[PDB]
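Chemist: Here you go, one structure.
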Amino acid sequence: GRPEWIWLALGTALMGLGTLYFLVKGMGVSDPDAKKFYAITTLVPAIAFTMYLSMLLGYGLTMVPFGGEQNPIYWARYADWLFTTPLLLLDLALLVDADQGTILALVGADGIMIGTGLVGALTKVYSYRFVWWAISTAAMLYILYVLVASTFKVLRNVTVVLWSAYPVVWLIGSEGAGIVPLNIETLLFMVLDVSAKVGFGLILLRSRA
Amino acid sequence: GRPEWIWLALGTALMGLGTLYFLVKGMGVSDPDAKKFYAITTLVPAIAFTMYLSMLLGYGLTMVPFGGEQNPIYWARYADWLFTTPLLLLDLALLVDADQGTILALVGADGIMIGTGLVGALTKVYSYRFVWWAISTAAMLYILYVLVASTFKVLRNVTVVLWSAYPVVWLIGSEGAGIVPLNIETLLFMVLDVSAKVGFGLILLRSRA
Amino acid sequence: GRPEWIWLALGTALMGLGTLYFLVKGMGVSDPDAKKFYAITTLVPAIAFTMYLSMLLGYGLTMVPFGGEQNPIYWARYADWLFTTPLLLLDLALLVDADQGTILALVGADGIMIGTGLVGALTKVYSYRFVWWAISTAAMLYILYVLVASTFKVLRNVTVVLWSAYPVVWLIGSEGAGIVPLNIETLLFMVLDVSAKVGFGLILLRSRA
Ligand SMILES: *C/C=C(C)/C=C/C=C(C)/C=C/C1=C(C)CCCC1(C)C
Ligand SMILES: *C/C=C(C)/C=C/C=C(C)/C=C/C1=C(C)CCCC1(C)C
Ligand SMILES: *C/C=C(C)/C=C/C=C(C)/C=C/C1=C(C)CCCC1(C)C
């Protein structure tokens, strides 16, 4: 029915497959710390899966009215990003043994970043959508700012490159500028999410970090 | 007005009475740890009380449309379950001195379980309600999976038997199959909640755990 | 358009200015603990800023119907209070090195307090609004109940006097009794918020606590 349904079904299946591979490999962990990284890495695609399923089936999509049109917004992404992004940041934070001040700041910065994105996504006044997009980007640069060693650096670097693509997709997407159709927007985000999560997941859990 | 109002008023009063008994008995605690268990055990019926009051009075109930009918759904239960279930799991987790990996996994598993229940409760497509019910049940079996010693075992066992009744109520309830009228569904859930919370509460706080 | 817009623009700017002053002064912190207090103190006006911006522009305001009228409610305040109040309580809690039982209880008490305020704010049955206001006040007295030493005492005392003004504003405001117009209500709350946050912020971060 919806042309981006295939990307949605394809994200759901891939988040589904990542959760499981990780649940199974996670059996044989006595290490308190590896338990921490295994819990986080698996939870991320797990919550991700559920939200991809929500979007795939009509739940997780609304028509936000702006520009003289009702616009299809997939709100369910922010409900996923709300929990997964702080946890990915928790893997990195934990990985390099960061302090409370930093992890909290990182996680707090994360909250407002995804928190302003939702508002930008839901704002009925076209112009303002971009004001909120801006506050979100600034929170991101703060996180990228604040952001064993070898595997951390490779992960810190994967994070940086992948996350920075999100605001651009939002900006050019059907969410911002409206030049990129929802299709490829759902496709691009599906590629970002399975990498930032499953790719990130593998790199990490497969490592000796 | 609503026939299950009595169960709602009866749940509110009982959650009300459990919160208080616990607040008062909680006075005389110097123990850092007993403080932890006292804070959790009291918070649970406390948040519970507020949500029973919300449902009792019209707030906390919506008409979800499916099956060619508008259906009365008590969304307020998921707003309560969202916070109380992870805390009950926190009593057990803390009780047996579980690791970060486990408690997080438990709490993360909990979130999606109640998180998928809400979506199942709110899904307008009858068929899908059960797809989400299924993902929720699987998260539960994961928790029951992962799930001093004497009092833990009695508590672990109370949890297991009580929580497993919830999906069945949802499934046969006015939320799922629609064979059990809302009345007895509100009644059964009122009995599950006052046990999983007040009963659990007593067993625990009354113990030497 | 809205007469309280100036208070909203004036709160946004002031929360904006507090966040920044704190972000900049927060550069030169090697102390794990000062990092904790710097992360919290800055996050508070930061989340505050975003919610003042939300209210300033139409997002963050709804017409709740009661009394035979549709009433302008600024729901966005509860979305801010939800996160900032537990963090202000975290500064104090951390400041005096409180236990897990206490901080959790404090934070849990906080949640229901702001959590009942939102419901009171959203209740369509005029009479009930006050029932929920009451449960919220009781949670507050519980927090004020539970509530280096010199700077803690000055902060504990600032908290107490400022927070106690909130329920009265709500009660006499356009949210409760409806005797105080939204204008001065937005003005009074703007003064409470910039003090409880920026004032509190300065007192604390400027100190040797
Ligand atoms: C698994 C998903 C991840 C890591 C998602 C990350 C999303 C972002 C970093 C989004 C950022 C945005 C902005 C900076 C501006 C507003 C729009 C957003 C939410 C797309
Ligand atoms: C105090 C309340 C407690 C402990 C409530 C527990 C509720 C559950 C374990 C619910 C489980 C459900 C499913 C497994 C499937 C979807 C429907 C639910 C939410 C009833
Ligand atoms: C930065 C904001 C702060 C510290 C806000 C605090 C707000 C309160 C303490 C509000 C309390 C309320 C009641 C006790 C009853 C219901 C209405 C409220 C939410 C205004």
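Convention: chains lettered A, B, ... in structure tokens order; per-chain residue numbering from 1; ligands numbered from 1 as shown.
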Neighbours of ligand 3 within 8 Å, counting only C-alpha atoms and all ligand atoms, as a VMD selection string?

Modeler: chain C and resid 44 to 45 48 78 80 to 81 84 to 85 88 113 to 118 120 to 121 132 to 140 159 162 to 171 192 to 194 196 to 197

Chemist: Got a sec: who's within 12 Å of residue 126 in chain A, counting only C-alpha atoms, leaving out chain neighbours fewer than 2 positions off, as a compact mmCIF listing (two decimals) with C-alpha atoms, in the first residue's frame?

Modeler:
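Resulting contents of part-v6.txt:
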# COMPACT_ATOMS: atom_id res chain seq x y z
CA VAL A 64 1.07 16.14 10.31
CA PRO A 65 -0.56 19.15 8.63
CA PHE A 66 1.76 21.80 7.19
CA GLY A 67 2.44 23.53 3.88
CA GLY A 68 -1.24 23.30 2.98
CA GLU A 69 -0.97 19.50 3.07
CA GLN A 70 -1.33 16.63 5.49
CA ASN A 71 2.14 15.04 5.70
CA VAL A 119 8.71 18.37 18.09
CA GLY A 120 10.22 19.44 14.79
CA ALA A 121 8.48 16.39 13.24
CA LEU A 122 5.16 17.31 14.84
CA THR A 123 5.25 21.10 14.40
CA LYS A 124 2.30 22.30 12.23
CA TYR A 128 9.49 26.33 13.08
CA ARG A 129 10.19 22.72 12.10
CA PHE A 130 13.64 23.99 11.11
CA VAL A 131 14.16 26.01 14.26
CA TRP A 132 13.73 22.71 16.21
CA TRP A 133 15.81 20.78 13.70
CA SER A 174 9.66 14.52 3.60
CA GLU A 175 10.16 15.76 7.18
CA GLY A 176 12.07 18.92 6.18
CA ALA A 177 12.65 20.40 2.70
CA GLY A 178 10.52 17.73 0.99
CA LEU C 57 5.46 29.07 19.61

Chemist: Just asking: which residues within chain C are alpha helix (DSSP H) according to DSSP, as a PDB file with C-alpha atoms, in the first residue's frame?

Modeler:
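Result went into states.pdb, see below:
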ATOM      1  CA  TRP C   5       4.006  35.517  24.890  1.00  0.00           C
ATOM      2  CA  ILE C   6       6.454  38.100  26.317  1.00  0.00           C
ATOM      3  CA  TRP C   7       6.914  36.023  29.525  1.00  0.00           C
ATOM      4  CA  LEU C   8       7.367  32.970  27.317  1.00  0.00           C
ATOM      5  CA  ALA C   9       9.957  34.782  25.105  1.00  0.00           C
ATOM      6  CA  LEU C  10      11.512  36.193  28.261  1.00  0.00           C
ATOM      7  CA  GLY C  11      11.682  32.696  29.890  1.00  0.00           C
ATOM      8  CA  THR C  12      13.158  31.146  26.715  1.00  0.00           C
ATOM      9  CA  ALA C  13      15.878  33.842  26.491  1.00  0.00           C
ATOM     10  CA  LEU C  14      16.691  33.535  30.253  1.00  0.00           C
ATOM     11  CA  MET C  15      16.756  29.722  30.191  1.00  0.00           C
ATOM     12  CA  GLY C  16      18.830  30.142  27.008  1.00  0.00           C
ATOM     13  CA  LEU C  17      21.317  32.440  28.762  1.00  0.00           C
ATOM     14  CA  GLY C  18      21.550  30.202  31.847  1.00  0.00           C
ATOM     15  CA  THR C  19      22.274  27.046  29.831  1.00  0.00           C
ATOM     16  CA  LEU C  20      25.149  28.761  28.005  1.00  0.00           C
ATOM     17  CA  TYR C  21      26.820  30.523  30.927  1.00  0.00           C
ATOM     18  CA  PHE C  22      26.895  27.101  32.563  1.00  0.00           C
ATOM     19  CA  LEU C  23      28.182  25.235  29.477  1.00  0.00           C
ATOM     20  CA  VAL C  24      31.073  27.644  29.180  1.00  0.00           C
ATOM     21  CA  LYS C  25      31.934  27.691  32.970  1.00  0.00           C
ATOM     22  CA  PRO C  32      34.391  13.544  38.445  1.00  0.00           C
ATOM     23  CA  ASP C  33      31.907  15.000  40.943  1.00  0.00           C
ATOM     24  CA  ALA C  34      31.921  18.574  39.673  1.00  0.00           C
ATOM     25  CA  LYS C  35      31.267  16.970  36.298  1.00  0.00           C
ATOM     26  CA  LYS C  36      28.119  15.416  37.877  1.00  0.00           C
ATOM     27  CA  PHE C  37      26.917  18.738  39.237  1.00  0.00           C
ATOM     28  CA  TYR C  38      27.823  20.589  36.049  1.00  0.00           C
ATOM     29  CA  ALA C  39      25.997  18.084  33.867  1.00  0.00           C
ATOM     30  CA  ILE C  40      22.814  18.324  35.966  1.00  0.00           C
ATOM     31  CA  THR C  41      22.753  22.144  36.510  1.00  0.00           C
ATOM     32  CA  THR C  42      23.181  22.865  32.783  1.00  0.00           C
ATOM     33  CA  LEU C  43      20.772  20.150  31.581  1.00  0.00           C
ATOM     34  CA  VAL C  44      17.959  21.647  33.694  1.00  0.00           C
ATOM     35  CA  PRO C  45      17.907  25.133  32.071  1.00  0.00           C
ATOM     36  CA  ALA C  46      18.691  23.319  28.736  1.00  0.00           C
ATOM     37  CA  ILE C  47      15.564  21.159  28.806  1.00  0.00           C
ATOM     38  CA  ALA C  48      13.758  24.201  30.307  1.00  0.00           C
ATOM     39  CA  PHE C  49      14.783  26.438  27.378  1.00  0.00           C
ATOM     40  CA  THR C  50      13.367  23.946  24.783  1.00  0.00           C
ATOM     41  CA  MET C  51      10.008  23.734  26.610  1.00  0.00           C
ATOM     42  CA  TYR C  52       9.756  27.542  26.947  1.00  0.00           C
ATOM     43  CA  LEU C  53      10.371  27.728  23.190  1.00  0.00           C
ATOM     44  CA  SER C  54       7.735  25.063  22.675  1.00  0.00           C
ATOM     45  CA  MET C  55       5.158  27.094  24.654  1.00  0.00           C
ATOM     46  CA  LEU C  56       6.264  30.459  23.131  1.00  0.00           C
ATOM     47  CA  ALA C  76       4.769  21.473  27.845  1.00  0.00           C
ATOM     48  CA  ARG C  77       5.600  22.545  31.399  1.00  0.00           C
ATOM     49  CA  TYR C  78       4.977  19.003  32.724  1.00  0.00           C
ATOM     50  CA  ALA C  79       7.244  17.547  30.028  1.00  0.00           C
ATOM     51  CA  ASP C  80       9.988  19.889  31.333  1.00  0.00           C
ATOM     52  CA  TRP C  81       9.174  19.425  35.068  1.00  0.00           C
ATOM     53  CA  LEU C  82       9.214  15.672  34.479  1.00  0.00           C
ATOM     54  CA  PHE C  83      13.030  15.771  33.893  1.00  0.00           C
ATOM     55  CA  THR C  84      14.287  18.975  35.553  1.00  0.00           C
ATOM     56  CA  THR C  85      12.706  18.533  39.008  1.00  0.00           C
ATOM     57  CA  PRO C  86      14.266  15.066  39.561  1.00  0.00           C
ATOM     58  CA  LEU C  87      17.666  16.499  38.477  1.00  0.00           C
ATOM     59  CA  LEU C  88      17.448  19.515  40.834  1.00  0.00           C
ATOM     60  CA  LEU C  89      16.627  16.906  43.542  1.00  0.00           C
ATOM     61  CA  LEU C  90      19.685  14.979  42.239  1.00  0.00           C
ATOM     62  CA  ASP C  91      21.961  17.970  42.838  1.00  0.00           C
ATOM     63  CA  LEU C  92      20.777  18.239  46.457  1.00  0.00           C
ATOM     64  CA  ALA C  93      20.777  14.394  46.913  1.00  0.00           C
ATOM     65  CA  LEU C  94      24.283  14.111  45.434  1.00  0.00           C
ATOM     66  CA  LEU C  95      25.428  17.292  47.240  1.00  0.00           C
ATOM     67  CA  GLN C 100      19.953   4.966  46.995  1.00  0.00           C
ATOM     68  CA  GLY C 101      16.813   4.430  49.027  1.00  0.00           C
ATOM     69  CA  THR C 102      16.397   8.172  49.512  1.00  0.00           C
ATOM     70  CA  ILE C 103      17.278   9.454  46.021  1.00  0.00           C
ATOM     71  CA  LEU C 104      15.030   6.826  44.398  1.00  0.00           C
ATOM     72  CA  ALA C 105      12.184   7.646  46.823  1.00  0.00           C
ATOM     73  CA  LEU C 106      12.760  11.372  46.182  1.00  0.00           C
ATOM     74  CA  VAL C 107      12.861  10.862  42.389  1.00  0.00           C
ATOM     75  CA  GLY C 108       9.932   8.390  42.516  1.00  0.00           C
ATOM     76  CA  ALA C 109       7.919  10.873  44.677  1.00  0.00           C
ATOM     77  CA  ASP C 110       8.854  13.554  42.152  1.00  0.00           C
ATOM     78  CA  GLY C 111       7.581  11.577  39.248  1.00  0.00           C
ATOM     79  CA  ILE C 112       4.118  11.072  40.716  1.00  0.00           C
ATOM     80  CA  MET C 113       3.981  14.731  41.850  1.00  0.00           C
ATOM     81  CA  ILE C 114       4.504  16.113  38.315  1.00  0.00           C
ATOM     82  CA  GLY C 115       2.656  13.047  36.980  1.00  0.00           C
ATOM     83  CA  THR C 116      -0.491  13.901  38.952  1.00  0.00           C
ATOM     84  CA  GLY C 117      -0.187  17.608  38.017  1.00  0.00           C
ATOM     85  CA  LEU C 118      -0.389  16.740  34.261  1.00  0.00           C
ATOM     86  CA  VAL C 119      -3.518  14.632  34.867  1.00  0.00           C
ATOM     87  CA  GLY C 120      -5.006  17.417  36.967  1.00  0.00           C
ATOM     88  CA  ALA C 121      -4.108  19.781  34.078  1.00  0.00           C
ATOM     89  CA  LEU C 122      -5.735  17.499  31.527  1.00  0.00           C
ATOM     90  CA  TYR C 126     -13.485  20.434  36.818  1.00  0.00           C
ATOM     91  CA  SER C 127     -13.997  18.950  40.345  1.00  0.00           C
ATOM     92  CA  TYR C 128     -11.402  16.122  39.845  1.00  0.00           C
ATOM     93  CA  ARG C 129      -8.670  18.547  38.756  1.00  0.00           C
ATOM     94  CA  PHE C 130      -8.428  19.429  42.452  1.00  0.00           C
ATOM     95  CA  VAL C 131      -8.446  15.848  43.647  1.00  0.00           C
ATOM     96  CA  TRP C 132      -5.276  15.329  41.502  1.00  0.00           C
ATOM     97  CA  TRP C 133      -3.832  18.666  42.556  1.00  0.00           C
ATOM     98  CA  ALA C 134      -4.168  17.319  46.183  1.00  0.00           C
ATOM     99  CA  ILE C 135      -2.263  14.053  45.527  1.00  0.00           C
ATOM    100  CA  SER C 136       0.412  16.099  43.863  1.00  0.00           C
ATOM    101  CA  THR C 137       0.735  18.497  46.845  1.00  0.00           C
ATOM    102  CA  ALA C 138       0.978  15.525  49.203  1.00  0.00           C
ATOM    103  CA  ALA C 139       3.892  14.118  47.103  1.00  0.00           C
ATOM    104  CA  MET C 140       5.526  17.536  47.350  1.00  0.00           C
ATOM    105  CA  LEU C 141       5.241  17.634  51.176  1.00  0.00           C
ATOM    106  CA  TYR C 142       6.817  14.205  51.079  1.00  0.00           C
ATOM    107  CA  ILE C 143       9.743  15.578  49.117  1.00  0.00           C
ATOM    108  CA  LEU C 144       9.969  18.688  51.314  1.00  0.00           C
ATOM    109  CA  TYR C 145       9.730  16.172  54.182  1.00  0.00           C
ATOM    110  CA  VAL C 146      12.713  14.032  53.085  1.00  0.00           C
ATOM    111  CA  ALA C 149      26.184  21.655  54.489  1.00  0.00           C
ATOM    112  CA  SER C 150      26.014  25.465  54.314  1.00  0.00           C
ATOM    113  CA  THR C 151      25.516  25.452  50.544  1.00  0.00           C
ATOM    114  CA  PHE C 152      23.177  22.491  50.844  1.00  0.00           C
ATOM    115  CA  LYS C 153      21.070  24.217  53.490  1.00  0.00           C
ATOM    116  CA  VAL C 154      20.851  27.391  51.384  1.00  0.00           C
ATOM    117  CA  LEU C 155      19.851  25.244  48.424  1.00  0.00           C
ATOM    118  CA  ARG C 156      17.503  23.027  50.375  1.00  0.00           C
ATOM    119  CA  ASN C 157      15.872  26.247  51.581  1.00  0.00           C
ATOM    120  CA  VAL C 158      15.652  27.879  48.131  1.00  0.00           C
ATOM    121  CA  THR C 159      14.027  24.706  46.823  1.00  0.00           C
ATOM    122  CA  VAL C 160      11.442  24.616  49.652  1.00  0.00           C
ATOM    123  CA  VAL C 161      10.315  28.258  49.268  1.00  0.00           C
ATOM    124  CA  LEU C 162      10.202  28.223  45.454  1.00  0.00           C
ATOM    125  CA  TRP C 163       8.540  24.858  44.855  1.00  0.00           C
ATOM    126  CA  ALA C 165       4.663  28.601  45.285  1.00  0.00           C
ATOM    127  CA  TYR C 166       3.967  26.334  42.298  1.00  0.00           C
ATOM    128  CA  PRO C 167       0.881  24.538  43.710  1.00  0.00           C
ATOM    129  CA  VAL C 168      -0.588  27.885  44.779  1.00  0.00           C
ATOM    130  CA  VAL C 169      -0.084  29.313  41.237  1.00  0.00           C
ATOM    131  CA  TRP C 170      -1.678  26.173  39.775  1.00  0.00           C
ATOM    132  CA  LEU C 171      -4.476  26.380  42.312  1.00  0.00           C
ATOM    133  CA  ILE C 172      -5.339  30.065  41.780  1.00  0.00           C
ATOM    134  CA  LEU C 182      -2.991  33.207  32.354  1.00  0.00           C
ATOM    135  CA  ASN C 183      -0.751  36.268  31.971  1.00  0.00           C
ATOM    136  CA  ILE C 184       0.496  36.750  35.442  1.00  0.00           C
ATOM    137  CA  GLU C 185       0.323  32.988  35.909  1.00  0.00           C
ATOM    138  CA  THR C 186       2.892  32.610  33.028  1.00  0.00           C
ATOM    139  CA  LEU C 187       4.815  35.521  34.527  1.00  0.00           C
ATOM    140  CA  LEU C 188       4.869  34.086  38.102  1.00  0.00           C
ATOM    141  CA  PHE C 189       5.838  30.583  36.800  1.00  0.00           C
ATOM    142  CA  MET C 190       8.516  32.262  34.560  1.00  0.00           C
ATOM    143  CA  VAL C 191       9.956  33.847  37.772  1.00  0.00           C
ATOM    144  CA  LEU C 192       9.700  30.594  39.710  1.00  0.00           C
ATOM    145  CA  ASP C 193      11.401  28.610  36.928  1.00  0.00           C
ATOM    146  CA  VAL C 194      14.316  30.983  36.267  1.00  0.00           C
ATOM    147  CA  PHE C 200      19.610  27.653  42.006  1.00  0.00           C
ATOM    148  CA  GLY C 201      22.144  26.947  39.249  1.00  0.00           C
ATOM    149  CA  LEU C 202      24.337  29.954  40.114  1.00  0.00           C
ATOM    150  CA  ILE C 203      24.159  29.536  43.905  1.00  0.00           C
ATOM    151  CA  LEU C 204      25.315  25.955  43.426  1.00  0.00           C
ATOM    152  CA  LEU C 205      27.920  26.090  40.643  1.00  0.00           C
ATOM    153  CA  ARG C 206      29.307  29.341  42.043  1.00  0.00           C
TER     154      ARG C 206
END

Chemist: Could you check how far CA of residue 63 in chain C sits from CA of residue 60 in chain A, in Å to one decimal?

Modeler: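 These two atoms are separated by 24.6 Å.
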
Chemist: Of the candidates B:29, B:73, B:98, B:148, which one gets nearest to chain C if we count only C-alpha atoms?

Modeler: B:29

Chemist: Using only C-alpha atoms, which of the listed residues (C:96, C:1, C:74, C:125) sits closest to chain B?

Modeler: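 Under the stated criterion, the closest residue is C:125.
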
Chemist: Counting only C-alpha atoms, which residue out of B:59, B:199, B:99, B:173 sits closest to chain A?

Modeler: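 The closest residue to chain A is B:99.
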
Chemist: Find the residue from A:181, A:97, A:26, A:75 that sits nearest to ligand 1; use only C-alpha atoms and all ligand atoms when measuring.

Modeler: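 Result for the nearest residue to ligand 1: A:75.
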
Chemist: Enumerate as a ChimeraX atom specification all residues of range 5-90 of chain A assigned to strand (DSSP E or B) by DSSP on the backbone, naming them with the chain letters and numbers the document uses.

Modeler: /A:62-66,69-73

Chemist: Keeping only C-alpha atoms, take the residues you just selected and write them out as a PDB file, in the first residue's frame.

Modeler:
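Contents of the output file part_0.pdb:
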ATOM      1  CA  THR A  62       0.536  10.200  11.455  1.00  0.00           C
ATOM      2  CA  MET A  63      -0.488  12.920   8.983  1.00  0.00           C
ATOM      3  CA  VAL A  64       1.070  16.142  10.314  1.00  0.00           C
ATOM      4  CA  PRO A  65      -0.563  19.148   8.633  1.00  0.00           C
ATOM      5  CA  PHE A  66       1.756  21.800   7.186  1.00  0.00           C
ATOM      6  CA  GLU A  69      -0.967  19.504   3.071  1.00  0.00           C
ATOM      7  CA  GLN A  70      -1.326  16.630   5.489  1.00  0.00           C
ATOM      8  CA  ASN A  71       2.141  15.043   5.699  1.00  0.00           C
ATOM      9  CA  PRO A  72       2.976  11.356   6.606  1.00  0.00           C
ATOM     10  CA  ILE A  73       5.314  11.402   9.577  1.00  0.00           C
TER      11      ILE A  73
END

Chemist: Just give me the gap between CA of residue 58 in chain A and atom 4 (C, counted along the ligand's line) of ligand 2 in Å, one decimal is fine.

Modeler: 28.9 Å

Chemist: If you measure from atom 4 (C, counted along the ligand's line) of ligand 2 to CA of residue 30 in chain B, what distance in Å do you get, rounded to one decimal?

Modeler: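 A separation of 28.1 Å between them.
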